[PDB]
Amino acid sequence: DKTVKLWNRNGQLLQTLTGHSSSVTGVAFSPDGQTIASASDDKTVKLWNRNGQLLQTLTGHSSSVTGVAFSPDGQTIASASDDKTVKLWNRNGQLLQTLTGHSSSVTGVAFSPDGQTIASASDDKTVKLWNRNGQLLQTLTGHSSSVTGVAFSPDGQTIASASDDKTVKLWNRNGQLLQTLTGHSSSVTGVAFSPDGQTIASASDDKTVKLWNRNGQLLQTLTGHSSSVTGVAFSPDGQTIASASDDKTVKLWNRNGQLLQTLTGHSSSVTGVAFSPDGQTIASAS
């Protein structure tokens, strides 16, 4: 619906961020909690303040931007694009690096917890790992279809990837495949680690979030969305799970799988969700 919405944990809408000229595909909070970054099919990243207003527009990608992330220190923004690149930007919106190496669209991006490695997911079926000088360090091969999302474990030693092959895969930094999470019945659209590292959450077009242990065994299936689930996130305290869906909602769930809230207000599909660092604000992209 071309907006980002900001909500509290009780379901109350706080702000609507208007200005993108096409779909918003992803959202992230800065580590100080004051700035929100959004990615859009209009080929831009926008930076917004939590009071609801646009600060900056980062132009430069030549196709849709599919995801955005902040470094742990807040000083670098990473964006993924169908132009086959990841771009790294400073907080002035100046372009620092373009990471080239993927041979098709880049669908997601994440920073390692130490801020020194970037992971990218691509339709070329790979995850690539990079440093902040744009140098390619490793390619993770094994998915049999497009990779849709990527995340680092809190200790930084395990990478999780989501794929249209219906799996999540877990890897080390040397590119070794460690575990495959098999169980979704359609494409997996996103993956996240709990802050203690002991639960993995995955989102799927099968309309569920699944929760798994670190051996890749299914622990719970969260049912309730009425269309594809497009993203998932854990709150910083680990006590709340957020899911985004083509049913136009975000749902909030406790760790026991109980539905806590549905965030209703977007007028089209929700494509991503994020928690503020204090865990009290949720951002949704649509």
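Throughout, we count residues from 1 along the sequence that is shown.
On average the C-alpha atoms of 169-177 have higher B-factors than those of the other stretch, with 169-177 and 79-87 being the two compared. Higher average CA B factor: 55-63, of the stretches 241-249 and 55-63. Looking only at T141, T98, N131, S122, the residue with the top Cα B factor in the deposited structure is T141. Between the residues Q94, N213, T148, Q135, it is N213 that shows the highest Cα B-factor in the PDB record. Remark: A69 belongs to the middle third of its chain, ranked by C-alpha B-factor as recorded.
In this PDB entry, the Cα temperature factor of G190 sits in the bottom third of its chain's modelled residues, the lowest group. The PDB entry assigns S40 a C-alpha temperature factor belonging to the lowest third of its chain's modelled residues. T117: CA B factor lies in the highest third for its chain, per the PDB record.
Annotation for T107: CA B-factor lies in the lowest third of the chain's modelled residues.
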